[PDB]
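A note on names: the letters A, B, ... follow the listed sequences, proteins ahead of strands, and every chain is numbered from 1. Scope of the values below: all heavy atoms of this structure, side chains included, with no hydrogens, waters or symmetry mates.
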Amino acid sequence: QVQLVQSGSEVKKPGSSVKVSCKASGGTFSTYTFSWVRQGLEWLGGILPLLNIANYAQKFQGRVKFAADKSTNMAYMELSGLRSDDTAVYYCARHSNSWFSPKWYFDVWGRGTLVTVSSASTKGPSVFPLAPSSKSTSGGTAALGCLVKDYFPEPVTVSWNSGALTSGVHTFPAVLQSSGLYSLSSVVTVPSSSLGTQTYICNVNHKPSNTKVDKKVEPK
Amino acid sequence: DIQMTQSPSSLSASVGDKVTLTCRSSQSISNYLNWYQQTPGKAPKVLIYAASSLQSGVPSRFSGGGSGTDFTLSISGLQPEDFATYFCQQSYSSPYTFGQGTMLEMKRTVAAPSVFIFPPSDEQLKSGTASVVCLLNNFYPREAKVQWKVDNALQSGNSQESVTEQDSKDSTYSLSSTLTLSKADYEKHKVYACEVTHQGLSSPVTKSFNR
Amino acid sequence: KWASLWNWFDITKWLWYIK
């Protein structure tokens with residue numbers, strides 16, 4: 001199974017450059033072509049490591065470069081002049097081999113590299129309780145949650161009761177605030193008869209900032 | 001230079017249904033046309049290439065057809081794992097362009113949301129800010145409207161909302177909306193309310209609290 | 001990076017052309 005292993009997530013300021021890496025695993029480059037596709041899906045360009053030739057989309061003229069190390073079976077794309085709208089997941093993808101047919105397709109994909117372009121620096125979230133009350137009950141069931149506010153960059157992981165609570169949990173996609181910082185919420189519906197007897201704790205991990213918070217959510 | 005257009009943008013269907021998705025190219029591209037499937041958090045995966053050839057391992061319920069400018073992908077007996085996003089892509093000429101995607105969602109009967117409201121926490125108020133959260137839980141269809149009111153005055157530009165993907169347990173959606181004010185503005189008002197409009201509600205529902 | 005950026009050389013179909 002020929003697979004593609006990609007380099008880790010990147011956070012870049014506007015006007016800088018980023019180099020994404022893609023390593024062929026379970027196989028070599030051989031005669032194949034490898035492209036980068038970001039995410040709507042958009043092809044940026046690709047490289048033929050065998051001959052050290054690259055193609056590019058005109059949209060990225062003067063902004064994109066490619067390289068490959070045949071010894072390590074690693075290919076690279078450098079994207080320069082970064083803009084906030086370059087924020088995307090960048091997939092490396094192998095083309096099917098044209099020796100069999102020119103009507104090619106992307107037959108192997110990497111897992112993607114998240115590239116965040118922003119003037120913000122890494123910041124851990126504040127975690128606030130969404131307390132259950134009579135305004136969060138619907139007859140036998142109560143709602144509670146945690147507001148995970150003002151962090152950068154993505155992602156954050158939220159668990160409830162260290163994983164002991166999974167049913168009824170909704171963790172929402174983050175929104176990007178006008179401040180350039182992210183915010184999300186995680187909620188759970190529980191039996192309202194459990195509020196005085198069961199402890200509810202939201203566990204929040206923001207690896208980019210080494211932030212780990214456990215917040216008890218109590219009624220008041 | 002070649003625009004790819006897909007229709008419909010979103011399709012609701014049931015397990016076992018037969019559906020046909022369409023892709024159109026702005027220029028003739030012979031049969032240099034590929035279909036990919038993508039589920040949230042995962043890279044796309046090819047299903048059909050050269051307009052009608054099935055990639056090894058792809059269930060035979062998938063088929064493709066077309067040559068020139070009009071192309072179709074048919075799923076004859078949708079299975080749960082087929083509820084995904086589908087992209088077409090031309091390999092005829094650079095730049096190699098993708099369609100915008102068709103998302104398949106699961107049908108269910110209309111479900112009204114349960115509405116909950118959360119005042120700001122004491123810990124956030126101490127920091128000088130106030131966020132109020134309104135939760136719409138387990139509703140269908142996805143279309144829903146939330147309107148923030150502060151002492152019955154309609155708010156705009158100070159809130160954001162997020163909607164979950166379709167829940168695999170019950171095929172519903174959930175929505176969270178956050179209204180954020182400074183502590184100073186928050187303490188000048190009393191009644192905070194979110195009003196919710198949805199097909200399952202005969203009339204809009206308001207959840208509120210007094211500061 | 002330093003591969004030759006030659007859009008006139010179709011890297012997606014060259015093997016088919018060269019047979």
Side-chain angles (χ1 to χ4, degrees), chain A residues 4-18 20-23 34-47 49 52-57 59-60 62-69 72 74-93 109-110 112-126 148-156 173-184 206 208-211, chain B residues 41 43 94-98 100 157 160 162 180, chain C residues 2-7 11:
Chain A
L4 296 178
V5 177
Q6 294 193 225
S7 58
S9 302
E10 306 269 13
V11 182
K12 295 293 177 176
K13 300 180 178 183
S16 68
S17 58
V18 59
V20 198
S21 176
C22 181
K23 165 181 286 297
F34 300 80
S35 282
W36 300 86
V37 172
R38 65 179 195 182
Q39 181 177 44
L41 292 154
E42 190 169 36
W43 179 76
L44 295 97
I47 180 166
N52 200 39
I53 296 169
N55 290 176
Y56 65 96
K59 175 180 178 181
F60 306 101
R63 292 218 296 145
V64 75
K65 297 180 174 58
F66 306 86
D69 184 1
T72 63
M74 283 209 286
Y76 305 86
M77 175 180 67
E78 186 194 29
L79 182 64
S80 58
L82 288 173
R83 323 158 52 189
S84 63
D85 59 15
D86 289 320
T87 300
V89 170
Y90 286 77
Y91 298 102
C92 63
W109 296 73
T113 297
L114 176 57
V115 176
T116 297
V117 182
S118 166
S119 62
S121 67
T122 294
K123 171 174 184 309
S126 291
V148 181
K149 197 170 191 306
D150 290 342
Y151 65 92
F152 179 88
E154 292 269 56
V156 287
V175 299
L176 179 63
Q177 300 169 107
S178 57
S179 65
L181 304 181
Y182 293 93
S183 181
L184 69 65
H206 185 238
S209 66
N210 302 294
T211 296
Chain B
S94 166
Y96 308 106
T97 43
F98 291 78
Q100 68 271 52
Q160 287 182 292
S162 172
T180 297
Chain C
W2 65 302
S4 287
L5 290 163
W6 290 344
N7 271 358
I11 61 180

Visitor: Strictly distance-based, threshold 3.5 Å: is any side-chain N or O of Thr116(A) a donor or acceptor partner for the main-chain N or O of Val11(A)?
Guide: no
Visitor: Using the side-chain contact (heavy atoms from CB on, under 4.5 Å) rule, take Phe34(A) and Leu4(A) through it: C-alpha gap first, then chi angles, then the decisive distance, then the call.
Guide: CA-CA 10 Å; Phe34(A) 300 80; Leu4(A) 296 178; 3.9 Å; yes
Visitor: Hey, which of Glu10(A), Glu78(A), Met77(A) is the one that makes side-chain contact (heavy atoms from CB on, under 4.5 Å) with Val18(A)?
Guide: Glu10(A)
Visitor: Ignoring hydrogens, what is the shortest heavy-atom contact between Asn52(A) and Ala3(C)? Give both atom names and the distance.
Guide: OD1-CB, 3.4 Å
Visitor: Mind checking whether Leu44(A) and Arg38(A) have side chains closer than 4.5 Å, heavy atoms only?
Guide: yes
Visitor: Would you give the length of the straight line joining atom CD of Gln160(B) to atom CG of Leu176(A), rounded to the nearest 0.5 angstrom?
Guide: 7.0 Å
Visitor: Is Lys149(A) close to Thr180(B) at the side-chain level, that is, under 4.5 Å between some pair of heavy atoms?
Guide: yes
Visitor: Between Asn55(A) and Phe66(A), which heavy-atom pair has the shortest distance, and what is it?
Guide: O-CE1, 3.8 Å
Visitor: Residues two or more places apart in sequence or in another chain: which of them pass salt bridge (charged side-chain N to carboxylate O under 4.0 Å, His left out) with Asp150(A)?
Guide: none
Visitor: Are a donor atom and an acceptor atom from the side chains of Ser183(A) and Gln177(A) found within less than 3.5 Å of each other?
Guide: no
Visitor: Treating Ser179(A) as the side-chain partner and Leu181(A) as the backbone partner, does any N or O pair qualify as donor plus acceptor under 3.5 Å?
Guide: yes
Visitor: Within this structure, what is the CG-CD distance for the pair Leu114(A) and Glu154(A), rounded to the nearest 0.5 Å?
Guide: 7.5 Å
Visitor: side-chain contact (heavy atoms from CB on, under 4.5 Å), that's the test. Do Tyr96(B) and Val37(A) meet it? Break it down for me.
Guide: CA-CA 10 Å; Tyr96(B) 308 106; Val37(A) 172; over 6 Å; no
Visitor: If every non-hydrogen atom of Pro125(A) is compared with every non-hydrogen atom of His206(A), which pair is closest and at what distance?
Guide: CD-CB, 3.6 Å
Visitor: Between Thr122(A) and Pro208(A), which heavy-atom pair has the shortest distance, and what is it?
Guide: CG2-O, 3.4 Å
Visitor: Rounded to the nearest 0.5 Å, what separation is found between the OH atom of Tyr56(A) and the CH2 atom of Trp6(C)?
Guide: 13.0 Å
Visitor: Looking only at atom types and distance, does a side-chain atom of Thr87(A) sit under 3.5 Å from a main-chain N or O of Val117(A), one as donor and one as acceptor?
Guide: yes
Visitor: Test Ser94(B) against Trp43(A) for side-chain contact (heavy atoms from CB on, under 4.5 Å), laying out the working first.
Guide: CA-CA 9 Å; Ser94(B) 166; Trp43(A) 179 76; 3.5 Å; yes
Visitor: Hey, what do you get for OG (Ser17(A)) to CG (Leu82(A)), rounding to the nearest 0.5 Å?
Guide: 6.5 Å
Visitor: According to the interplanar angle, ranging from 0 to 90°, do the rings of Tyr182(A) and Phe152(A) count as parallel (below 30°), tilted (30 to 60°) or perpendicular (above 60°)?
Guide: parallel
Visitor: Determine whether a donor-acceptor pair (N or O, by modelled atom type, separation under 3.5 Å) exists between the side chain of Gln6(A) and the backbone of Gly112(A).
Guide: yes
Visitor: Looking only at non-hydrogen atoms, find the nearest pair between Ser16(A) and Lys13(A) and report the distance.
Guide: OG-O, 2.6 Å
Visitor: Are any side-chain N or O atoms of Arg63(A) and backbone N or O atoms of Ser80(A), one a donor and one an acceptor, separated by less than 3.5 Å?
Guide: yes
Visitor: Measuring from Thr97(B):OG1 to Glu42(A):CD, what's the distance to the nearest 0.5 Å?
Guide: 10.5 Å
Visitor: To check you understand the geometry: which heavy-atom pair defines the closest contact between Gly124(A) and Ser209(A), and what is its length?
Guide: CA-OG, 3.2 Å
Visitor: Got a second to check how far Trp109(A)'s CH2 is from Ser35(A)'s OG, nearest 0.5 Å?
Guide: 9.5 Å
Visitor: Would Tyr90(A) and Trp36(A) count as a ring-ring contact (aromatic ring centres under 6.0 Å, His included) if you check the C-alpha gap in whole Å, the side-chain angles of each, and the deciding distance to 0.1 Å?
Guide: CA-CA 7 Å; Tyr90(A) 286 77; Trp36(A) 300 86; 7.7 Å; no
